[PDB]
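Here we start with a single chain on its own, the form deposited in one PDB entry, put down as structure tokens.
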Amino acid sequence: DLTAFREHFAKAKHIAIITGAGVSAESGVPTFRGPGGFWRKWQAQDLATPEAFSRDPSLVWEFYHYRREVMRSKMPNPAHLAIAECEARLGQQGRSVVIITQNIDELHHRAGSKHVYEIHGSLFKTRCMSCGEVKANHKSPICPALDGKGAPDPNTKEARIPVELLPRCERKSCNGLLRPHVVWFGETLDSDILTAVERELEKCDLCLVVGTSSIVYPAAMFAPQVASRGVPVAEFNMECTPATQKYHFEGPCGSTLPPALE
């Protein structure tokens, strides 16, 4: 029941919004998850690891180059926008809105969201393998050797770029090898980010979960911290809930969310 949700929304002064893959999916971003999402022969799991990067950095950068480049045509959807406009509108009223996203595509920044926490990092940030420096980067192509590479067809031929010519650190002292500043399978989340999110979820008096459920990583790390404090939690996703069974608004975030946040 929407009008009950809206009563909380009306009151709420510190709102946290946790966004999952569903919302990036609705803008047509590939997530490479479940059966169907392949890039060439492989799935996310195969390439998104420190093992794969150490063993074939040209292949992984090809994959990450592709994903960077498909974003030139995928745009924020109404869910992205309603969240950004909400943030802005409530900001002026001295209320507040934080976004905690597992997504790496910067669509929240591109819709105009500002207080965003990217817990899995970003396709358009690099980290130096040598000096560890994090730097924004939308350079297209990220480097010449990758130009028009990363093509997604199963029997595309590998680029096999020499590692010296892969993207490198700009401080010439260093010239270190860059990697996408994205959290890979079997790496740890940044501890400072988690400390901030903890802090934000403590202030929080209404919490939205969008394009994912409370039950699963990563929403499951946080939704308990808020729920235990008796704070309402609204899921907006495409997953059903059984006939018999805090708020859940079924259907697409693009359709469900803007009416809720107006």
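Residues that one form lacks are left out of the comparison. Just count from 1 along the sequence shown to find any residue number. Superpose the two forms; the largest set of C-alphas matching within 1.5 Å is the rigid core.
There is another form of the same protein, the form deposited in another entry; it is not shown, and what comes next is about it.
For the residue set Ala44, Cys204, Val197, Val233, core-aligned C-alpha shifts between the shown form and the other one reach 2 angstroms or more at a single site, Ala44. Taking the rigid core as fixed, one finds a CA shift for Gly150 of 2 Å or more between the shown form and the other one. Once the rigid core is overlaid between the shown form and the other one, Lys135 does not reach a Cα shift of 2 Å, moving by less than that.
For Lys74, the Cα coordinates differ by 2 angstroms or more between the shown form and the other one after the core has been superposed. The pair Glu62 and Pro152 approaches in the other entry: their C-alpha atoms are at least 3 Å nearer to each other than in the form depicted. Shown here is a form in which the CA atoms of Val183 and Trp39 lie at least 3 Å farther apart than they do in the other entry.
Listed in sequence order, 31 to 45, 72 to 74, 150 to 160, 212 to 221, 240 to 245 mark where three or more consecutive residues have CA shifts of 2 Å or more between the shown form and the other one on superposition of the core.
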